[PDB]
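Visitor: Have a look at the structure that comes next, please.
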Amino acid sequence: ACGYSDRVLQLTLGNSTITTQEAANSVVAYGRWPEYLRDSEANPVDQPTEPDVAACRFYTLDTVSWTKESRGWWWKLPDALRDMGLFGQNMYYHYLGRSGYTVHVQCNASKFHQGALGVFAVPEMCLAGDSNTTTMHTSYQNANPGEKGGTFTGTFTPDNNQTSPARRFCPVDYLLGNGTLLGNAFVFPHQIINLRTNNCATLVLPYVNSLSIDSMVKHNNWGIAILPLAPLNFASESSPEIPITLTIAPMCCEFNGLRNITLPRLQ
Amino acid sequence: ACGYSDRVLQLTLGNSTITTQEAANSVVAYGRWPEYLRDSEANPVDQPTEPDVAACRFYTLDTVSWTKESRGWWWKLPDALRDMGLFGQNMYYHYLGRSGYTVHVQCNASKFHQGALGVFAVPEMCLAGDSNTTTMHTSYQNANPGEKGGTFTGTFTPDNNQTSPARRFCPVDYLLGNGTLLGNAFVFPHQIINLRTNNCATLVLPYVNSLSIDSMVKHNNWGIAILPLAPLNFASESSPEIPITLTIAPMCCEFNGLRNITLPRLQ
Amino acid sequence: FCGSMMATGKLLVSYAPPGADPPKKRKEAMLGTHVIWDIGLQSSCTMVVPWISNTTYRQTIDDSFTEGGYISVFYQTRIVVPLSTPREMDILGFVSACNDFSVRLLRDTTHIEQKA
Amino acid sequence: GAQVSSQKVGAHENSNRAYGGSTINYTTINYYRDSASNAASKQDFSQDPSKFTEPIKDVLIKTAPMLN
Amino acid sequence: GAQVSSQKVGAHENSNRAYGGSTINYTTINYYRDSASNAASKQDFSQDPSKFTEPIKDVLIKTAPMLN
Amino acid sequence: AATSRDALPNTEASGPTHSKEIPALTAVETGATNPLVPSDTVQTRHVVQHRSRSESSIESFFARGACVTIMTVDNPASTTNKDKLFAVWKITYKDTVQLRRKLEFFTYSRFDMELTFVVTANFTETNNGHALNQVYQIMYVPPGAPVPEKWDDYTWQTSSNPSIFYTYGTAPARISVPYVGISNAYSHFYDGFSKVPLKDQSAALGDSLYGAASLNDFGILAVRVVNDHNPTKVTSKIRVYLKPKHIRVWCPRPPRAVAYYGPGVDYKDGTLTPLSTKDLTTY
Amino acid sequence: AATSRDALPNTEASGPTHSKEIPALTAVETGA
Amino acid sequence: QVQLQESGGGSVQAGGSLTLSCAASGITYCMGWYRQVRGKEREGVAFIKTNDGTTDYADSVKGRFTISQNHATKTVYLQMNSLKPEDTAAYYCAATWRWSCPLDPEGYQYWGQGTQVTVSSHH
Ligand SMILES: CCCCCCCCCCCCCCCC(=O)O
C-alpha cells in the first residue's frame, strides 16, 4: 500500500543507521530478541553498567575481498569488536559481560554477477586445530584474530614443525572447520546473499551461553562464518571481484565487576 | 543516642567506599547536590550515556607530601581524572559532558602535630601566567598537569627566556594564583583540616558553568586548591612530614556526542 | 546518486563532533554519527546531523570554541558495474535545515561589495 | 496598561493631606517592545545567606555543639 | 484607545514583585491618521514551509517509500 | 517573600543565662559560618529595627554607568597626507578597571546592556578655522561582518547593521541591548582553551591562548565623522558608558587584589604588594 | 495560530528501531 | 585606526636567534589579526588571531618561528630561531580585522615602517 517492502529496511541504534534496498527481511535468531539480564536469572551482585548507545552502535570492521579463489571467512564475538570504541573499553574493564548483536553483512554486486554467500551464525563456533601431533593447542593470539578475522581453506594441511608450531586454526570449508557437513549448517540462524535476490544479510543474535553472564575476553559467544555457497562468476572475466563488509552492533549490553584495565598479549 | 556522630562518616559510590572517624561533617556546595541534566535545561539532542557506577566511583590520585617548606597544591577537574578508568575513557570519546564530584581530601596526623590545610573549591579556578612579556600564553601541557597536579609558590618569578618560554602557571600562594587575597577565598565551598579536629575533608561540588553541557577536554569546571593555612610543626623535630591524599568521585555523569577517540598532546 | 541504473553500491556518509582528529579513514568516521547508504531505486538518502553543541548557538564564523565538526563520505563496499557501463559518474549534494533550526542577531553580509 | 507601584517614603513632608502620610505611588508605562528596553524595577527580593553560610549537609542548631 | 500588548521577557530582573515575573506589557497609541504612519507591530505569524518543502501533488509520509 | 526594602530582623530582648546551650562555640572546620546575632554573646534590649538592605541589592550595586572606552576620530583637511581617522573598538568591559573589578565578584551573569555615548570635540591647529556642527555615526559590526576599511566605503550603508547617528551638542546617544550571550550566562573567567592540542598534528596548529573564548566576543564598534573634509582639522573623542540592568549573578569570588595586567587573570611583577605596614600590637 | 515568538517543535524521545519504515530514504526527483 | 611599529631588528650571525617586536597604536588588537609578512618584497611568515589561539605559519618557515600576543602592552612579537642566510629579509607586521584573509598581501589595510634583519654568514 504505502510501499512497505521486505527488501527495503532501516536499522538504527544509538548514532548509527543502516539502510538497505535489497534485503531478504531479517532473521531473529531462535525467535529471541535482545534484552537485559532478568533479576530472576541474575548471577553476580554488583551494580550493572548498561552503556547502551555508547556501546550499542554499528561498528564496521575491516573489509575483505571476494574473488573466485576465495575459500571462506570467520569472525568471533565478542572478539572482533574488542577494538571498537567504548564497547571495547568497557569490555577490558570488566570480568563479566553479556551482549547481543545485529550482524549486518553487506555485499552487493550487479544484475550481471552471480553466486551465493552463506552467512552463518554458529553459537559457540569451535574451530579445529592445525596439527595431528598436539590437539587443542591453538594459541590465543590466533584464536582471536580480531577484526581482520580468520580464513577457511580447501584442503587440510597438517603442521609438521614440532620445534615451534604455528598454533592456529586450519579450517577446511566443507567441514565448517569443526568436522561436520557444511550442508547441515543451515540449522544455525542464517541468510544467503544470493546476488540476484538481495544485497545484504541480517541476523540479530541474542545472548546464548550456559551462563547468565560470563567473561568476555576469555569466552566467545557467537561465531560468524561466511563461506561461498556458489562461486562468483562475472561475464567472461577471469578475475571478478566485489567486496564484503560486516557491521555487527551490540545490543542490550551490560557489564559487572569493575577492575583495572586488561592488557592481553595479542601477538 | 545510637552514636550518630558528625565525625563518623561513610561515603559510597559504585564499588568504592570511604570511611572516616574524624570529620567535620560534609559540605554540600552552594546547597546543590548532583543531578542529571533536566529536559528543561537540556541542550544537545542525542541520547545521553549515563555510565553511572562505571564512572561514578572513587579514584585515588597520586599522593603528595606535606612538610614545613610546602607552599601549596592545585588540581583541576575534570583534568586530574583524565587518566581514570572508564570515566577517563568515555571522556575522550565525546565532545560534551557534565560531571559532579565528591572530593575527599584525606590527611591525618596525630594529637602531637599541629597546623591547618585550607581545602578550597574554586569554580573556574583560573590561575595566572609566569611572564610579564606575554600574557595568557601558558600552554595546555602545563595547564593540565593531571593527577600529579600543580604547585604554588611563595614569590613571583618572571620568566625571562623569550627564546623558548616555559609557558606554565606561576601561582603565588598569598594571591591564590589569581591575584586576589587568599583570606577571602573562604567564600568558595571549603573545609579546613586543622589537625587537632578532623583528619579529612569533604566537598560535594555540583556541575557549575554557564553552559548546560560542555566539552571536558577543553574546559575545566572545578579547581581544587590546597594551601597551608597553618604551618606543620611537630615536637622539636626540624623536618616533620605527613602525606596528603585526595579521592574525588564523579557524580551524575553523562556524555553526548560519540565520536572517535581523542589523543591529546600532553607533553 | 547520479549513475546508471545498472550501477550499485553502499556508502558511509558521516558526522563526528569536533575537538579531535579530523578523520581520514573510514574506520574513524565509522566511530561517529553516520548513515550507511545503499544505492538503489530510491536514488537519494539523508543523514541528519543533530544539534550537539556546547553553546546554545554557534558563531557563524571560523571560530574554535564554537566549531562545528566534520562531515565525511566513504565507500562501504565500492561501486560495482557490469560491462558496457560508464566507470565514472556524479553525485550531487543538497543542504538544508530541520524544523528546529533558528538564527539570531542580524548583521550585514560580506558576499557583495560596492567599490567606488 | 500602566504600572502603579509604591515608594518607600523617606523625609515625610509635613503632609498626610497629600504627601508623606497617605501612601505615595508612582506610575510606569512601557514604551518599547523589548524587555531589554524596560526600566529597572528595583523591587527585587532578598534571600537567606544559607547557600554560603551553612553549606553543610546536616542541620545546624546554633546552641548545640558543632562537632558531635 | 490604547493598545496594550505583551513582551517576551528575556533577562528576568530578580523581581516578580513588579518586573520579570508577572507578565510585562507595553502600551501603544496611534498618533497619525495613516496606516503607513503606524509602528511595526512585530507580532507576526509563522507558517509551515510546505509551499516550498513539499510542493507535491500527492501526500508525503516520511516513513514510506518516496517513489512507489 | 522577602524583598529589598524590608526591615532586617528585629533584635529580641535577652537576659542572664547559665545553660547547656553553647552559642559562642563553633568549629570553622565545618565550613559552616556560625550564625550569631546580638542576643547571644551579650544581653540585648528589644529593638524594632529599621535598616533595610535596599541599596545593596544586585541590581542596585551595578546601578551606575561605567566608562568602558574612549575612541578617537578626526576630520582632517582635504589636503592632508594621512587618512581620516575612524575608530574601531573591540566590545569589552575589560579595557578599563573599575567596571571590570565590580563584575569580578561573580563567576557568571546575565544582564541587558544599556549604552551611552557622550561625544566631545575640539580643533587642533593654530588656525581660527571654522567647523559646522558635526555629525557622528556609531556602527555595530557583529562578529564576522564587514568591518570598514575607509571612512567612506560601502560598509557604512548598513542595510543590516544597527547604527547611531549622533548630532554633536545634543542629549547623549543611547541604546539598549539584551542578553546576547552565546551561553546562559556571560563568563567573566574561563578555565580552558578554545582548541585542544592534538597528537597527529603540529604544536602550531593546536596552540591556543589560555583563558579566552568566543563567549566574550560580541563584535566591534566603528565610529567616524559623517561630515566630509573641512578646512580645519577637528578631532573628536567617543566615550562609551555601559550600565548593566536587570542583573543576575552566580558564585562569588574575592575581588581583584593586585593591579591589572592584560585581559587574562595575569599579574605583573612589582605590583604584587597590595598591603602596608601596621603593627600587630598597636591600634 | 503560530506566531513569530513561539517555541519550535519539541524533540521527542526515540529509541532503537528495526522496522518497515524508511525515514532516511528519499528521492529528490520528487522536488519534495 | 591602528599604527604599527617594527622594532627589535638587526644583524646577527647564521645559526642564532633573534626576536622582533611589533607595538601598536590604540586600541591595538581591535583592528584584530596581526601578522608577520617578510620577504624583500612581499611574502608571509606568521599569522595570528587576537582572540582564541590561533596560530599558523608559512610552510617555508614552519617549526622555527612563533608569533605571540601581549594584549597588555599591545605588542606582537616574533621569535626567529636557527637562523640561516636566507632569513635576511625585510620584516614587517600587519593587520586587518577581517577574520580571514591571511593569504593575500594586498588584503591588508595596516602596515608599519619596517626593520631590516641580517643573518650574516659568519660560519
Ligand atoms: C549599537 C550598539 C550595539 C551593541 C551590541 C551589544 C554588544 C555586546 C557586548 C556585551 C558585553 C558583555 C560582556 C560579557 C563577557 C563575558 O563575561 O563573557
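Using ideal geometry, Cβ is built from the backbone for each residue, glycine included, and neighbour counts are taken over all protein chains shown. Throughout, read-outs are computed from the coordinates displayed, never taken from laboratory work.
Visitor: Of the residues A:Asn142, A:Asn43, A:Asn25, which exhibits the maximal mean-square fluctuation in a Gaussian network model of chain A defined by a 10 Å Cα contact cut-off?
Guide: For chain A, modelled as a Gaussian network with Cα springs under 10 Å, the answer is A:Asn43.
Visitor: Expressed as a rounded percentage, what relative contact order does chain C have, with Cα pairs under 8 Å and six or more residues apart?
Guide: Numbers: 135 pairs, mean separation 45.5, N = 116.
Relative contact order here is 39 percent.
Visitor: Sticking with this one: Using a label point 7 Å beyond Cα on the Cα-Cβ vector, give me the inter-copy distances for B:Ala42 in nanometres, one decimal, shortest first.
Guide: Listed shortest first, these distances are 2.8 nm.
Visitor: I need the Debye-formula profile for chain F: one equal scatterer per C-alpha, no solvent, reported as log10 I(q)/I(0) at q = 0.08, 0.14 1/Å, two decimals.
Guide: -0.57, -1.18
Visitor: In chain D, what is the volume of the convex hull around the alpha carbon atoms, normalised per residue and reported in Å³?
Guide: Values: hull volume 14.0 nm³, N = 68.
Enclosed volume per residue, from the Cα hull, is 206 Å³.
Visitor: So, by mean Cβ neighbours within 10 angstrom, what's the order for B:247-258, H:1-12, A:81-92 with the highest one leading? It would help to have the intermediate numbers written out before the result.
Guide: Numbers: B:247-258: 24.3, H:1-12: 17.1, A:81-92: 21.7.
Averaged packing, sorted descending, gives the order B:247-258, A:81-92, H:1-12.
Visitor: Sticking with this structure for a sec: Give me the distance between the Cα centres of region B:93-130 and region B:1-54, rounded to whole Å.
Guide: Region B:93-130 and region B:1-54 have Cα centres spaced 16 Å from each other.
Visitor: Here is a further query. Counting partner chain Cβ atoms within 10 Å of every residue's Cβ in B:173-185, what's the average?
Guide: Working: counts 0, 4, 6, 4, 2, 10, 14, 10, 7, 2, 2, 5, 2.
That average works out to 5.
Visitor: B:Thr19 label points, 7 Å along Cα→Cβ, one per copy: pairwise distances from this copy to the rest in nm, shortest first?
Guide: Spelled out, the distances from B:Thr19's label point are 5.9 nm.
Visitor: Another one. Average the reciprocal distances over every distinct pair of alpha-carbons in region F:33-84, invert the result, and give the Kirkwood radius in Å.
Guide: On the way: mean 1/r = 0.0555 Å⁻¹.
By the Kirkwood definition, the hydrodynamic radius is 18.0 Å.
Visitor: I would also like to ask the following. Which residue in B is nearest the B/A rotation axis when you measure from the C-beta atom, and what is the distance in Å?
Guide: B:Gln89, 2
Visitor: Taking a quarter of the surface of the Cα convex hull of chain B, what do you get in nm²?
Guide: Values: hull surface 66.4 nm².
Taking a quarter of the hull surface, the average projection is 16.6 nm².
Visitor: With a 10 Å Cβ neighbour count serving as the proxy for reagent exposure, in which order, fewest first, do E:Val59, C:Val81, A:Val105 appear? The partial results should precede the final answer.
Guide: Details: E:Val59 6, C:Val81 19, A:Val105 22.
Lowest to highest Cβ neighbour count: E:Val59, C:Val81, A:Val105.
Visitor: Test of the criteria: in region E:1-45, which chymotrypsin sites (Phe, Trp or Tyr not before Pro) are in a DSSP loop and have at most 15 other Cβ atoms within 10 angstrom of their Cβ? Provide the component values of the computation, followed by the final result.
Guide: On the way: sites: E:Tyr19, E:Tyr26, E:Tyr31, E:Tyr32, E:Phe45; in loops: E:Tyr19, E:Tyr31, E:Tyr32.
Qualifying residues, ordered by number: E:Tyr31, E:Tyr32.
Visitor: What Kirkwood radius, in Å to one decimal, follows from the Cα pairs of region B:110-244? If you can, show how the numbers build up before the last one.
Guide: Numbers: mean 1/r = 0.0591 Å⁻¹.
Its Kirkwood hydrodynamic radius stands at 16.9 Å.
Visitor: Build a GNM of chain F with springs between Cα atoms under 10 Å: which of F:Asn227, F:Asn216, F:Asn127 gets the top mean-square fluctuation?
Guide: In this elastic network of chain F, the residue with the biggest mean-square fluctuation among F:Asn227, F:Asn216, F:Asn127 is F:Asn127.
Visitor: Roughly how crowded by other chains is peptide B:23-33, in terms of the mean Cβ count from those chains within 10 Å of each of its Cβ atoms? It would help to have the intermediate numbers written out before the result.
Guide: Working: counts 3, 9, 12, 6, 7, 7, 4, 7, 8, 2, 1.
Across the residues of B:23-33, the mean count of other-chain Cβ atoms within 10 Å is 6.
Visitor: Which whole-number percent of Cα pairs in the protein assembly as shown have a distance greater than 52 Å? Before the final figure, lay out the partial values.
Guide: On the way: 288749 of 748476 pairs.
I get 39 percent for the Cα pairs in the protein assembly as shown exceeding 52 Å.
Visitor: For chain H, what is the convex hull (Cα atoms) projected area averaged across all directions, in square nanometres?
Guide: If I average the Cα hull's projected area over directions, I get 6.8 nm².
Visitor: Given a 10 angstrom Cα cut-off, can you work out which residue in B:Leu11, B:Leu232, B:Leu96 is the most mobile in a GNM of chain B?
Guide: In the Gaussian network model the winner is B:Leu11.
Visitor: Taking θ = phi - 60°, what integer Hz values does the Karplus form 6.51 cos²θ - 1.76 cosθ + 1.60 yield along region H:38-55, in sequence order, with x for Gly and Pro?
Guide: Ordered by residue, 3J(HN,Hα) equals 7, x, 5, 9, 7, 6, x, 9, 10, 9, 7, 9, 4, 9, 6, x, 8, 6 Hz.
Visitor: Note down the net charge around B:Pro145, summing +1 for each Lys or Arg and -1 for each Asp or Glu among other residues with Cβ under 15 Å from its Cβ. Walk me through the intermediate numbers first.
Guide: Details: positive: B:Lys76, B:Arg82, B:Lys148, B:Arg167, B:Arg168, B:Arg265; negative: B:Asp62, B:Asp79, B:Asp83, B:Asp130, B:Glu147, F:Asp191.
Once all neighbours under 15 Å are counted, the net charge is 0.
Visitor: Next question. Using a 10 Å cut-off around each Cβ, can you sort H:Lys40, C:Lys115 from fewest to most neighbouring Cβ atoms?
Guide: Values: H:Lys40 9, C:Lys115 6.
Fewest-to-most Cβ neighbours within 10 Å comes out as C:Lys115, H:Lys40.
Visitor: For A:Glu241, place a label point 7 Å out from Cα along the Cα→Cβ vector, do the same in each other copy, and report the separations in nm, one decimal, smallest first.
Guide: Taking the point 7 Å beyond Cα along Cα→Cβ, the inter-copy spacings are 6.5 nm.
Visitor: Let me ask another. Taking the radius of gyration and the Kirkwood hydrodynamic radius from Cα positions alone, what is the Rg/Rh ratio for chain C, to two decimal places?
Guide: Details: Rg = 18.5 Å, Rh = 17.3 Å.
Expressed as Rg/Rh, it is 1.07.
Visitor: Need the C-alpha centroid separation for region C:2-42 versus region F:216-260, integer Å.
Guide: The distance from the Cα centre of region C:2-42 to that of region F:216-260 comes to 49 Å.
Visitor: Quote the relative contact order of chain A in percent (integer), defining contacts as alpha-carbon pairs under 8 Å separated by 6+ residues. Mind showing how you got there, number by number?
Guide: Details: 607 pairs, mean separation 105.0, N = 267.
The normalised contact order for chain A reaches 39 percent.
Visitor: Partner chain Cβ atoms within 10 Å, averaged over the residues of E:16-24 - can you pull that number for me?
Guide: Working: counts 3, 8, 9, 12, 6, 0, 1, 0, 6.
Averaged over the peptide's residues, the number is 5.
Visitor: Give the Cα extents of region B:124-166 along the principal axes, in whole Å, largest first.
Guide: 29, 23, 19
Visitor: Separate question: Taking amide H atoms as placed 1.01 Å from N in the peptide plane, list the residues 5 or more away in sequence, or in a different chain, whose amide H sits under 5 Å from that of A:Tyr101.
Guide: Residues meeting the amide H criterion: A:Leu205, A:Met251.
Visitor: With 10 Å bins from zero, work out the P(r) of region F:1-97 over every alpha carbon pair and list the percent per bin.
Guide: Taking all Cα pairs of region F:1-97, the binned fractions are 11, 18, 20, 16, 11, 9, 8, 5, 2, 0 percent.
Visitor: Could you quote the convex hull projected area for region B:77-148, Cα atoms only and averaged over all directions, in nm²? All intermediate terms of the calculation are to be shown ahead of the outcome.
Guide: Details: hull surface 30.7 nm².
Over all viewing directions, region B:77-148 projects a mean Cα-hull area of 7.7 nm².
Visitor: Moving to a separate point now. According to the Kirkwood expression over distinct Cα-Cα pairs, how big is the hydrodynamic radius of region B:1-152, in Å? Provide the component values of the computation, followed by the final result.
Guide: On the way: mean 1/r = 0.0535 Å⁻¹.
About 18.7 Å for region B:1-152.
Visitor: Order these by the 10 Å Cβ neighbour count, fewest first: C:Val73, B:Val208, H:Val76. Before the final figure, lay out the partial values.
Guide: On the way: C:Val73 16, B:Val208 19, H:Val76 28.
The order, fewest Cβ neighbours first, is C:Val73, B:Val208, H:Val76.
Visitor: What per residue convex hull volume, in Å³, do the alpha-carbon atoms of region B:1-50 yield? Walk me through the intermediate numbers first.
Guide: On the way: hull volume 7.3 nm³, N = 50.
Dividing the Cα hull volume of region B:1-50 by its residues yields 146 Å³.
Visitor: Let me ask you something else. So which of F:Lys90/F:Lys233; A:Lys111/C:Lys10; C:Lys25/F:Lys199 end up more than 19 Å apart by C-alpha? Kindly include the intermediate steps, with their values, before the conclusion.
Guide: Numbers: F:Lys90/F:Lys233 26 Å; A:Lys111/C:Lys10 16 Å; C:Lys25/F:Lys199 16 Å.
Too far apart for the 19 Å limit: F:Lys90/F:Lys233.
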